[PDB]
Structure formats: C-alpha cells, structure tokens
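Undergrad: Provided herewith: entry_23.csv, CSV, N, CA and C atoms.
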chain,number,residue,atom,x,y,z
E,1,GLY,N,28.0,15.9,-51.0
E,1,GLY,CA,26.9,15.0,-50.8
E,1,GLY,C,27.0,14.2,-49.5
E,2,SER,N,26.0,14.3,-48.7
E,2,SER,CA,26.0,13.6,-47.4
E,2,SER,C,24.7,12.8,-47.3
E,3,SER,N,24.7,11.6,-46.9
E,3,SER,CA,23.5,10.7,-46.7
E,3,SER,C,22.7,11.3,-45.6
E,4,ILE,N,23.3,11.4,-44.4
E,4,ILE,CA,22.6,11.8,-43.2
E,4,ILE,C,21.2,11.1,-43.0
E,5,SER,N,21.3,9.9,-42.7
E,5,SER,CA,20.1,9.0,-42.5
E,5,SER,C,20.3,8.1,-41.3
E,6,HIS,N,21.4,7.3,-41.4
E,6,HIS,CA,21.8,6.5,-40.2
E,6,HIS,C,22.7,7.4,-39.4
E,7,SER,N,22.1,8.4,-38.8
E,7,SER,CA,22.9,9.3,-38.0
E,7,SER,C,21.9,9.8,-36.9
E,8,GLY,N,20.9,10.6,-37.3
E,8,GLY,CA,19.8,11.1,-36.5
E,8,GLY,C,20.3,11.8,-35.2
E,9,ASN,N,20.5,11.1,-34.1
E,9,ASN,CA,20.9,11.7,-32.9
E,9,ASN,C,22.4,12.0,-32.9
E,10,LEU,N,22.8,13.1,-32.4
E,10,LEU,CA,24.2,13.5,-32.3
E,10,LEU,C,24.9,12.8,-31.1
E,11,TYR,N,24.1,12.2,-30.3
E,11,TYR,CA,24.5,11.6,-29.1
E,11,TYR,C,25.2,10.2,-29.4
E,12,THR,N,25.5,9.5,-28.3
E,12,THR,CA,26.2,8.2,-28.4
E,12,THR,C,25.2,7.1,-28.9
E,13,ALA,N,25.2,6.0,-28.2
E,13,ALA,CA,24.3,4.9,-28.7
E,13,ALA,C,23.6,4.4,-27.5
E,14,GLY,N,23.5,5.2,-26.4
E,14,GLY,CA,22.8,4.8,-25.2
E,14,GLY,C,23.0,5.8,-24.1
E,15,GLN,N,22.3,6.9,-24.2
E,15,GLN,CA,22.4,8.0,-23.3
E,15,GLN,C,21.0,8.4,-22.8
E,16,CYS,N,20.9,9.0,-21.6
E,16,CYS,CA,19.6,9.4,-21.1
E,16,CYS,C,19.1,10.5,-22.0
E,17,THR,N,19.9,11.4,-22.4
E,17,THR,CA,19.5,12.5,-23.3
E,17,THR,C,19.6,12.1,-24.8
E,18,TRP,N,20.0,10.8,-25.0
E,18,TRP,CA,20.0,10.2,-26.3
E,18,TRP,C,18.6,9.6,-26.6
E,19,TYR,N,18.2,8.7,-25.8
E,19,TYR,CA,16.9,8.0,-25.9
E,19,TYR,C,15.8,9.0,-25.9
E,20,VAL,N,15.8,10.0,-25.0
E,20,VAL,CA,14.8,11.1,-25.0
E,20,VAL,C,14.7,11.8,-26.3
E,21,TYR,N,15.8,12.1,-26.9
E,21,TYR,CA,15.8,12.9,-28.2
E,21,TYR,C,15.2,12.1,-29.3
E,22,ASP,N,15.5,10.8,-29.4
E,22,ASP,CA,15.0,10.0,-30.4
E,22,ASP,C,13.5,9.7,-30.2
E,23,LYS,N,13.0,9.7,-28.9
E,23,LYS,CA,11.6,9.4,-28.6
E,23,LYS,C,10.7,10.6,-28.9
E,24,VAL,N,11.3,11.8,-29.0
E,24,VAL,CA,10.6,13.0,-29.3
E,24,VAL,C,10.6,13.4,-30.8
E,25,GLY,N,11.3,12.5,-31.5
E,25,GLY,CA,11.4,12.7,-33.0
E,25,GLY,C,12.4,13.7,-33.4
E,26,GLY,N,13.1,14.2,-32.4
E,26,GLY,CA,14.1,15.2,-32.7
E,26,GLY,C,13.5,16.6,-32.8
E,27,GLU,N,12.3,16.8,-32.2
E,27,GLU,CA,11.6,18.1,-32.2
E,27,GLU,C,12.5,19.1,-31.4
E,28,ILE,N,12.8,18.7,-30.1
E,28,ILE,CA,13.6,19.5,-29.3
E,28,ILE,C,14.9,18.8,-28.9
E,29,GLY,N,15.9,19.5,-28.6
E,29,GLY,CA,17.1,18.8,-28.1
E,29,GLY,C,18.4,19.3,-28.7
E,30,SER,N,19.3,18.3,-28.8
E,30,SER,CA,20.7,18.5,-29.2
E,30,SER,C,21.5,19.5,-28.4
E,31,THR,N,21.1,20.8,-28.4
E,31,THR,CA,21.8,21.9,-27.8
E,31,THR,C,21.4,22.1,-26.4
E,32,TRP,N,20.6,21.2,-25.8
E,32,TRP,CA,20.2,21.3,-24.4
E,32,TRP,C,21.3,20.9,-23.4
E,33,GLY,N,22.4,20.5,-24.0
E,33,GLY,CA,23.6,20.2,-23.1
E,33,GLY,C,23.5,18.7,-22.6
E,34,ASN,N,23.1,18.6,-21.3
E,34,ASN,CA,22.8,17.3,-20.7
E,34,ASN,C,21.7,17.6,-19.7
E,35,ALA,N,21.3,16.5,-19.0
E,35,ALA,CA,20.1,16.5,-18.1
E,35,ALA,C,20.2,17.6,-17.1
E,36,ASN,N,21.4,17.9,-16.5
E,36,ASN,CA,21.5,18.9,-15.4
E,36,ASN,C,21.5,20.3,-15.9
E,37,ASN,N,21.6,20.5,-17.2
E,37,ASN,CA,21.6,21.8,-17.8
E,37,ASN,C,20.5,22.0,-18.8
E,38,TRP,N,19.5,21.1,-18.7
E,38,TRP,CA,18.4,21.0,-19.6
E,38,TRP,C,17.6,22.3,-19.6
E,39,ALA,N,17.0,22.7,-18.5
E,39,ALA,CA,16.1,23.8,-18.4
E,39,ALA,C,16.8,25.1,-18.9
E,40,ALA,N,18.1,25.2,-18.6
E,40,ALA,CA,18.9,26.4,-19.0
E,40,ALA,C,19.1,26.4,-20.5
E,41,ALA,N,19.5,25.3,-21.1
E,41,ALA,CA,19.8,25.2,-22.5
E,41,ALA,C,18.6,25.2,-23.3
E,42,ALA,N,17.5,24.5,-22.8
E,42,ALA,CA,16.2,24.5,-23.4
E,42,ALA,C,15.7,25.9,-23.6
E,43,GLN,N,15.7,26.7,-22.5
E,43,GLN,CA,15.3,28.1,-22.6
E,43,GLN,C,16.1,28.9,-23.5
E,44,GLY,N,17.4,28.6,-23.5
E,44,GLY,CA,18.4,29.3,-24.4
E,44,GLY,C,18.1,29.0,-25.9
E,45,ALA,N,17.7,27.7,-26.1
E,45,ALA,CA,17.3,27.3,-27.5
E,45,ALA,C,16.0,27.9,-27.9
E,46,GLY,N,15.1,28.1,-26.9
E,46,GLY,CA,13.8,28.7,-27.1
E,46,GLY,C,12.6,27.8,-26.7
E,47,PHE,N,12.9,26.9,-25.8
E,47,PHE,CA,11.8,26.0,-25.3
E,47,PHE,C,11.1,26.7,-24.1
E,48,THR,N,9.9,26.3,-23.9
E,48,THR,CA,9.2,26.8,-22.7
E,48,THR,C,9.2,25.7,-21.7
E,49,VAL,N,10.0,25.9,-20.6
E,49,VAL,CA,10.1,24.9,-19.6
E,49,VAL,C,9.2,25.2,-18.4
E,50,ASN,N,8.4,24.2,-18.0
E,50,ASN,CA,7.6,24.3,-16.9
E,50,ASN,C,8.0,23.1,-16.0
E,51,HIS,N,7.1,22.5,-15.3
E,51,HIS,CA,7.3,21.3,-14.6
E,51,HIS,C,6.0,20.5,-14.4
E,52,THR,N,5.6,19.9,-15.5
E,52,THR,CA,4.4,19.0,-15.6
E,52,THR,C,4.6,18.0,-16.6
E,53,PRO,N,5.1,16.8,-16.3
E,53,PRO,CA,5.3,15.7,-17.2
E,53,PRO,C,4.0,15.3,-17.9
E,54,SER,N,4.1,14.9,-19.2
E,54,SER,CA,3.0,14.6,-20.0
E,54,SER,C,3.4,13.7,-21.2
E,55,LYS,N,2.4,13.1,-21.8
E,55,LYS,CA,2.6,12.1,-22.8
E,55,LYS,C,3.3,12.7,-24.0
E,56,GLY,N,4.6,12.4,-24.3
E,56,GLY,CA,5.3,12.9,-25.4
E,56,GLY,C,6.3,13.9,-25.0
E,57,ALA,N,6.3,14.3,-23.7
E,57,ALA,CA,7.2,15.3,-23.2
E,57,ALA,C,8.4,14.6,-22.4
E,58,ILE,N,9.2,15.3,-21.7
E,58,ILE,CA,10.3,14.7,-21.0
E,58,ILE,C,10.4,15.2,-19.5
E,59,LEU,N,10.8,14.3,-18.7
E,59,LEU,CA,11.0,14.7,-17.2
E,59,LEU,C,12.4,15.2,-17.0
E,60,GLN,N,12.7,16.1,-16.1
E,60,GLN,CA,14.0,16.7,-15.9
E,60,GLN,C,14.2,17.2,-14.5
E,61,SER,N,15.4,17.1,-14.1
E,61,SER,CA,15.9,17.7,-12.8
E,61,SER,C,17.4,17.9,-12.9
E,62,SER,N,17.9,18.8,-12.0
E,62,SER,CA,19.3,19.1,-12.0
E,62,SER,C,20.1,18.3,-11.1
E,63,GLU,N,19.3,17.5,-10.3
E,63,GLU,CA,20.0,16.6,-9.3
E,63,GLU,C,20.5,15.3,-10.0
E,64,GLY,N,21.8,15.0,-9.7
E,64,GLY,CA,22.4,13.9,-10.3
E,64,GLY,C,23.8,14.2,-10.9
E,65,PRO,N,24.6,13.2,-11.3
E,65,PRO,CA,25.9,13.5,-11.9
E,65,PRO,C,25.9,14.2,-13.2
E,66,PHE,N,24.9,13.8,-14.0
E,66,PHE,CA,24.6,14.4,-15.3
E,66,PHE,C,23.2,15.0,-15.4
E,67,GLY,N,22.6,15.0,-14.2
E,67,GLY,CA,21.2,15.5,-14.1
E,67,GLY,C,20.2,14.4,-14.2
E,68,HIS,N,19.0,14.6,-14.5
E,68,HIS,CA,18.0,13.6,-14.6
E,68,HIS,C,16.9,13.9,-15.6
E,69,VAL,N,17.1,13.4,-16.8
E,69,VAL,CA,16.0,13.5,-17.8
E,69,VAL,C,15.5,12.1,-18.2
E,70,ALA,N,14.2,12.0,-18.3
E,70,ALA,CA,13.6,10.8,-18.7
E,70,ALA,C,12.4,11.1,-19.5
E,71,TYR,N,12.3,10.5,-20.7
E,71,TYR,CA,11.2,10.8,-21.7
E,71,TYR,C,9.9,10.2,-21.2
E,72,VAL,N,8.9,11.1,-21.2
E,72,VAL,CA,7.6,10.7,-20.6
E,72,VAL,C,6.7,10.0,-21.7
E,73,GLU,N,6.4,8.8,-21.5
E,73,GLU,CA,5.6,8.0,-22.5
E,73,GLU,C,4.2,8.3,-22.2
E,74,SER,N,3.8,8.7,-21.0
E,74,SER,CA,2.5,9.0,-20.6
E,74,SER,C,2.4,9.4,-19.2
E,75,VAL,N,1.4,10.3,-18.9
E,75,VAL,CA,1.1,10.6,-17.5
E,75,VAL,C,-0.3,10.0,-17.2
E,76,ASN,N,-0.3,9.2,-16.1
E,76,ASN,CA,-1.5,8.5,-15.7
E,76,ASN,C,-2.5,9.4,-15.0
E,77,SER,N,-3.8,9.2,-15.2
E,77,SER,CA,-4.8,10.0,-14.6
E,77,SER,C,-4.8,9.9,-13.1
E,78,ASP,N,-4.0,8.9,-12.5
E,78,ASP,CA,-3.9,8.7,-11.1
E,78,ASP,C,-3.0,9.8,-10.5
E,79,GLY,N,-2.2,10.5,-11.4
E,79,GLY,CA,-1.2,11.4,-10.9
E,79,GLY,C,0.2,10.8,-10.9
E,80,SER,N,0.3,9.6,-11.4
E,80,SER,CA,1.6,9.0,-11.6
E,80,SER,C,2.0,9.1,-13.0
E,81,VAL,N,3.3,9.3,-13.2
E,81,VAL,CA,3.9,9.5,-14.5
E,81,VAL,C,4.7,8.3,-15.0
E,82,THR,N,4.5,7.8,-16.2
E,82,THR,CA,5.2,6.7,-16.7
E,82,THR,C,6.3,7.2,-17.7
E,83,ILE,N,7.5,7.2,-17.2
E,83,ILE,CA,8.6,7.7,-18.0
E,83,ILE,C,9.5,6.5,-18.5
E,84,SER,N,10.5,6.9,-19.3
E,84,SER,CA,11.5,5.9,-19.8
E,84,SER,C,12.8,6.6,-20.0
E,85,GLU,N,13.8,6.1,-19.3
E,85,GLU,CA,15.2,6.6,-19.3
E,85,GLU,C,16.2,5.5,-19.6
E,86,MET,N,16.8,5.6,-20.8
E,86,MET,CA,17.7,4.5,-21.2
E,86,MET,C,19.1,4.9,-20.8
E,87,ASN,N,19.8,4.0,-20.0
E,87,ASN,CA,21.2,4.1,-19.6
E,87,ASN,C,21.4,5.1,-18.5
E,88,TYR,N,20.7,6.3,-18.7
E,88,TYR,CA,20.9,7.4,-17.7
E,88,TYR,C,22.3,7.9,-17.7
E,89,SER,N,23.1,7.3,-16.9
E,89,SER,CA,24.5,7.7,-16.8
E,89,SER,C,25.3,6.5,-16.2
E,90,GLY,N,24.8,5.3,-16.4
E,90,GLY,CA,25.3,4.2,-15.7
E,90,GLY,C,25.3,2.9,-16.5
E,91,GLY,N,24.1,2.2,-16.5
E,91,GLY,CA,24.0,1.0,-17.1
E,91,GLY,C,23.7,1.1,-18.6
E,92,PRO,N,24.6,0.7,-19.5
E,92,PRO,CA,24.4,0.8,-20.9
E,92,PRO,C,23.2,0.0,-21.4
E,93,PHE,N,22.2,0.8,-22.0
E,93,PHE,CA,21.0,0.2,-22.6
E,93,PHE,C,20.0,-0.2,-21.5
E,94,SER,N,20.3,0.1,-20.2
E,94,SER,CA,19.4,-0.1,-19.2
E,94,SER,C,18.2,0.8,-19.4
E,95,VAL,N,17.2,0.2,-20.1
E,95,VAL,CA,16.0,1.0,-20.2
E,95,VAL,C,15.3,1.1,-18.9
E,96,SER,N,15.6,2.1,-18.1
E,96,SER,CA,15.2,2.3,-16.8
E,96,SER,C,13.7,2.7,-16.8
E,97,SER,N,12.9,1.9,-16.1
E,97,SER,CA,11.5,2.2,-15.9
E,97,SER,C,11.3,2.9,-14.6
E,98,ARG,N,10.5,4.0,-14.6
E,98,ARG,CA,10.3,4.7,-13.4
E,98,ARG,C,8.9,5.3,-13.4
E,99,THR,N,8.3,5.4,-12.2
E,99,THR,CA,7.0,5.9,-12.0
E,99,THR,C,7.1,7.2,-11.1
E,100,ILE,N,6.7,8.3,-11.7
E,100,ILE,CA,6.8,9.6,-11.0
E,100,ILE,C,5.5,10.0,-10.4
E,101,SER,N,5.5,10.1,-9.0
E,101,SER,CA,4.3,10.6,-8.3
E,101,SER,C,4.2,12.1,-8.6
E,102,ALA,N,2.9,12.6,-8.4
E,102,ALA,CA,2.7,14.0,-8.6
E,102,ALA,C,3.6,14.9,-7.8
E,103,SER,N,3.8,14.5,-6.5
E,103,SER,CA,4.7,15.2,-5.7
E,103,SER,C,6.1,15.3,-6.2
E,104,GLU,N,6.6,14.2,-6.8
E,104,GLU,CA,7.9,14.1,-7.4
E,104,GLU,C,7.9,14.9,-8.8
E,105,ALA,N,6.7,14.9,-9.4
E,105,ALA,CA,6.6,15.6,-10.7
E,105,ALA,C,6.7,17.1,-10.5
E,106,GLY,N,6.3,17.5,-9.3
E,106,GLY,CA,6.5,18.9,-8.9
E,106,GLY,C,8.0,19.3,-8.9
E,107,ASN,N,8.8,18.4,-8.7
E,107,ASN,CA,10.3,18.6,-8.7
E,107,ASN,C,10.8,18.7,-10.1
E,108,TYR,N,10.3,17.8,-10.9
E,108,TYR,CA,10.8,17.6,-12.3
E,108,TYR,C,10.2,18.6,-13.2
E,109,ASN,N,11.1,19.3,-13.9
E,109,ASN,CA,10.8,20.2,-15.0
E,109,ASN,C,10.5,19.5,-16.3
E,110,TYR,N,9.9,20.1,-17.3
E,110,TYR,CA,9.7,19.6,-18.6
E,110,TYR,C,9.8,20.6,-19.6
E,111,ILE,N,10.5,20.4,-20.7
E,111,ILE,CA,10.7,21.4,-21.7
E,111,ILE,C,9.9,21.1,-23.0
E,112,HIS,N,9.0,22.0,-23.3
E,112,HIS,CA,8.2,21.9,-24.5
E,112,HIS,C,8.3,23.2,-25.4
E,113,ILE,N,8.0,23.1,-26.6
E,113,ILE,CA,7.9,24.2,-27.5
E,113,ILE,C,6.8,25.2,-26.9
Just dump the structure as structure tokens.
TA:
Amino acid sequence: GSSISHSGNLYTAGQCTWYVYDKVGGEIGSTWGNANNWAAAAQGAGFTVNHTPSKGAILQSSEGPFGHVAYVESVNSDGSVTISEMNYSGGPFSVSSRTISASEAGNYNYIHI
C-alpha cells in the first residue's frame, strides 16, 4: 500500500521542468529529460512538438546549461507570450517572469499531445 499523494512530481522542489510539469497537471512530462532534451524526449514519449507557445502549453529551447523550458500561462493577442519559469537552473524558487516576442517564439518549441 502506497499513499502517493504528497508526491506528484518526480522532480525536486524547485526546477524549471518541475514547475512546468505541475502547471500542466502532469499531462505531459517526467520522461522528457530536461529542458535541453525536451523536444527529443517529448517526441520519444509520444508528444507532438511544434514551436508555437500557447495558454496551457510550455516554451522550450535547447540553448542553456539545462536548456530552456517555461510553462506558458497565456499567449497575448499582441504576439507576446506570457510564460512562467520557476528556478530555471539558478535561483531557487525564483519564479522567473518572461515575455516572449513572436520572433523569439519562433525559436522556442512547444510540446503538446
């Protein structure tokens, strides 16, 4: 018998790929590796990765020490994307706010079912 309730995310207590996973309800993730291996592991798991951030999806790029994933809370009709990335790979619990321009969004992939 295992409770499995106060567990949820297999990640730490403050990771870029931790906050993302919890913000998507655990629909996709876990086996995606980390931010720099996202698109590869996502496709391996069976996700469809494109590159168009949207409300409820996640932002991703391979650039960075661990890559760059940030959960997308909403994409603005202006062409700017409102994402949320906690800790990333540096500041613990730094709920990093970032605004992605459409040009930048063209760089960032996103993995959806």
Undergrad: List as a PyMOL selection string the protein and nucleic acid residues near residue 49 (chain E), meaning an atom at most 12 Å away when only C-alpha atoms are counted, but skip any in the same chain fewer than 4 places from it.
TA: chain E and resi 28+32+38-45+53+57-61+108-113
Undergrad: Please run DSSP on the backbone and report, as a PyMOL selection string, all residues within chain E that come out as strand (DSSP E or B).
TA: chain E and resi 48-50+58-61+68-75+80-86+95-101+109-112
Undergrad: How far is it from atom C of residue 81 (chain E) to atom C of residue 67 (chain E), in Å with one decimal?
TA: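 Atom-to-atom, atom C of residue 81 (chain E) and atom C of residue 67 (chain E) are spaced 16.7 Å apart.
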Undergrad: Could you list, as an NGL selection string, every residue within 12 Å of residue 92 (chain E), counting only C-alpha atoms and ignoring same-chain residues fewer than 3 positions away?
TA: :E and (12-16 or 18-19 or 85-89 or 95-96)
Undergrad: If you run DSSP over the backbone, which residues in chain E end up helix (DSSP H, G or I)? Put them as JSON, numbers by chain.
TA: {"E": [16, 17, 18, 19, 20, 21, 22, 23, 35, 36, 37, 38, 39, 40, 41, 42, 43, 44, 45, 102, 103, 104, 105]}
Undergrad: What is the CA of residue 103 (chain E) to CA of residue 24 (chain E) distance in Å?
TA: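 Separation between CA of residue 103 (chain E) and CA of residue 24 (chain E): 24.4 Å.
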Undergrad: Given the choices E:4, E:90, E:17, E:56, which gets closest to residue 34 (chain E) if the distance is worked out from all atoms listed in the file?
TA: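 Ranking E:4, E:90, E:17, E:56 by distance to residue 34 (chain E), first place goes to E:17.
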Undergrad: Calculate how many Å separate CA of residue 54 (chain E) from atom C of residue 105 (chain E), rounding to one decimal.
TA: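 Straight-line distance from CA of residue 54 (chain E) to atom C of residue 105 (chain E) works out to 10.5 Å.
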Undergrad: Which residues are close to residue 99 (chain E), i.e. within 12 Å by only C-alpha atoms, leaving aside same-chain residues fewer than 5 positions away? Reply as a ChimeraX atom specification.
TA: /E:53,59,70-76,78-85,104-105
Undergrad: Pick out the closest residue to residue 36 (chain E) from this set: E:21, E:55, E:8, E:65. Count all atoms listed in the file.
TA: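 For residue 36 (chain E), the nearest of the given residues is E:65.
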Undergrad: For a quick check of understanding, using only C-alpha atoms, which of E:107, E:62, E:37, E:94 has the smallest distance to residue 50 (chain E)?
TA: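 Closest to residue 50 (chain E), using only C-alpha atoms: E:107.
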Undergrad: Using the incomplete input, complete region 41-55 of chain E to the level of N, CA, C and O atoms; output as a PDB file, in the coordinates of the input.
TA:
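Contents of part.pdb, freshly written:
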ATOM      1  N   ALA E  41      19.500  25.300 -21.100  1.00  0.00           N
ATOM      2  CA  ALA E  41      19.800  25.200 -22.500  1.00  0.00           C
ATOM      3  C   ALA E  41      18.600  25.200 -23.300  1.00  0.00           C
ATOM      4  O   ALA E  41      18.490  25.734 -24.392  1.00  0.00           O
ATOM      5  N   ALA E  42      17.500  24.500 -22.800  1.00  0.00           N
ATOM      6  CA  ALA E  42      16.200  24.500 -23.400  1.00  0.00           C
ATOM      7  C   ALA E  42      15.700  25.900 -23.600  1.00  0.00           C
ATOM      8  O   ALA E  42      15.284  26.255 -24.691  1.00  0.00           O
ATOM      9  N   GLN E  43      15.700  26.700 -22.500  1.00  0.00           N
ATOM     10  CA  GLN E  43      15.300  28.100 -22.600  1.00  0.00           C
ATOM     11  C   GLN E  43      16.100  28.900 -23.500  1.00  0.00           C
ATOM     12  O   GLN E  43      15.655  29.760 -24.250  1.00  0.00           O
ATOM     13  N   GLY E  44      17.400  28.600 -23.500  1.00  0.00           N
ATOM     14  CA  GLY E  44      18.400  29.300 -24.400  1.00  0.00           C
ATOM     15  C   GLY E  44      18.100  29.000 -25.900  1.00  0.00           C
ATOM     16  O   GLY E  44      18.126  29.860 -26.708  1.00  0.00           O
ATOM     17  N   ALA E  45      17.700  27.700 -26.100  1.00  0.00           N
ATOM     18  CA  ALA E  45      17.300  27.300 -27.500  1.00  0.00           C
ATOM     19  C   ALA E  45      16.000  27.900 -27.900  1.00  0.00           C
ATOM     20  O   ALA E  45      15.746  28.253 -29.044  1.00  0.00           O
ATOM     21  N   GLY E  46      15.100  28.100 -26.900  1.00  0.00           N
ATOM     22  CA  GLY E  46      13.800  28.700 -27.100  1.00  0.00           C
ATOM     23  C   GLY E  46      12.600  27.800 -26.700  1.00  0.00           C
ATOM     24  O   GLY E  46      11.534  28.036 -27.217  1.00  0.00           O
ATOM     25  N   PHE E  47      12.900  26.900 -25.800  1.00  0.00           N
ATOM     26  CA  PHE E  47      11.800  26.000 -25.300  1.00  0.00           C
ATOM     27  C   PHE E  47      11.100  26.700 -24.100  1.00  0.00           C
ATOM     28  O   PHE E  47      11.729  27.536 -23.456  1.00  0.00           O
ATOM     29  N   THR E  48       9.900  26.300 -23.900  1.00  0.00           N
ATOM     30  CA  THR E  48       9.200  26.800 -22.700  1.00  0.00           C
ATOM     31  C   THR E  48       9.200  25.700 -21.700  1.00  0.00           C
ATOM     32  O   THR E  48       8.614  24.611 -21.859  1.00  0.00           O
ATOM     33  N   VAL E  49      10.000  25.900 -20.600  1.00  0.00           N
ATOM     34  CA  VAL E  49      10.100  24.900 -19.600  1.00  0.00           C
ATOM     35  C   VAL E  49       9.200  25.200 -18.400  1.00  0.00           C
ATOM     36  O   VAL E  49       9.179  26.294 -17.873  1.00  0.00           O
ATOM     37  N   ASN E  50       8.400  24.200 -18.000  1.00  0.00           N
ATOM     38  CA  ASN E  50       7.600  24.300 -16.900  1.00  0.00           C
ATOM     39  C   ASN E  50       8.000  23.100 -16.000  1.00  0.00           C
ATOM     40  O   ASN E  50       9.116  22.609 -16.125  1.00  0.00           O
ATOM     41  N   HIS E  51       7.100  22.500 -15.300  1.00  0.00           N
ATOM     42  CA  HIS E  51       7.300  21.300 -14.600  1.00  0.00           C
ATOM     43  C   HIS E  51       6.000  20.500 -14.400  1.00  0.00           C
ATOM     44  O   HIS E  51       5.464  20.379 -13.350  1.00  0.00           O
ATOM     45  N   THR E  52       5.600  19.900 -15.500  1.00  0.00           N
ATOM     46  CA  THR E  52       4.400  19.000 -15.600  1.00  0.00           C
ATOM     47  C   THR E  52       4.600  18.000 -16.600  1.00  0.00           C
ATOM     48  O   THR E  52       4.248  18.198 -17.796  1.00  0.00           O
ATOM     49  N   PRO E  53       5.100  16.800 -16.300  1.00  0.00           N
ATOM     50  CA  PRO E  53       5.300  15.700 -17.200  1.00  0.00           C
ATOM     51  C   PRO E  53       4.000  15.300 -17.900  1.00  0.00           C
ATOM     52  O   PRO E  53       2.963  15.310 -17.332  1.00  0.00           O
ATOM     53  N   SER E  54       4.100  14.900 -19.200  1.00  0.00           N
ATOM     54  CA  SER E  54       3.000  14.600 -20.000  1.00  0.00           C
ATOM     55  C   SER E  54       3.400  13.700 -21.200  1.00  0.00           C
ATOM     56  O   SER E  54       4.571  13.599 -21.492  1.00  0.00           O
ATOM     57  N   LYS E  55       2.400  13.100 -21.800  1.00  0.00           N
ATOM     58  CA  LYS E  55       2.600  12.100 -22.800  1.00  0.00           C
ATOM     59  C   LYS E  55       3.300  12.700 -24.000  1.00  0.00           C
ATOM     60  O   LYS E  55       2.762  13.616 -24.679  1.00  0.00           O
TER      61      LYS E  55
END
